[PDB]
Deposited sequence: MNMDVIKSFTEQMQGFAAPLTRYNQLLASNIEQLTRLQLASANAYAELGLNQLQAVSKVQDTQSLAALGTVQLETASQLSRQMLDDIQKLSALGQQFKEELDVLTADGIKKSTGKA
């Protein structure tokens, strides 16, 4: 469990969102591919601005993830220090 899972989840999460973005883009090209240069400049602007927002959120989730990861490394350092004490055992 723990931030390990949380991190793989954020990873896959971002992959998915980006794919849906590339799909939105591809569809938007095929349409119109079928007063229009106003809509072209608009399209480039809009897909830039959507990707931009997604990058904002990805970086926020990265920051929070780093926090939960702080909790976990606190938990792991106790496990490695128990390992050290036992390792001096025999």
**Study point:** Gaps in the model, given as deposited-sequence positions counted from residue 1
**Key:** 1-16, 51-59, 116
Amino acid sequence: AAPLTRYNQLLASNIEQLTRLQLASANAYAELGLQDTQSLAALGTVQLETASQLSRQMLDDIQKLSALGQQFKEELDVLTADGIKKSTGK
From here on, numbers count along this sequence of modelled residues.
**Study point:** 11-19 versus 63-71 - greater average Cα B-factor per the deposited record
**Key:** 63-71
Point to revise | Mean temperature factor over C-alpha atoms, higher-scoring stretch between 36-44 and 50-58 | key: 36-44
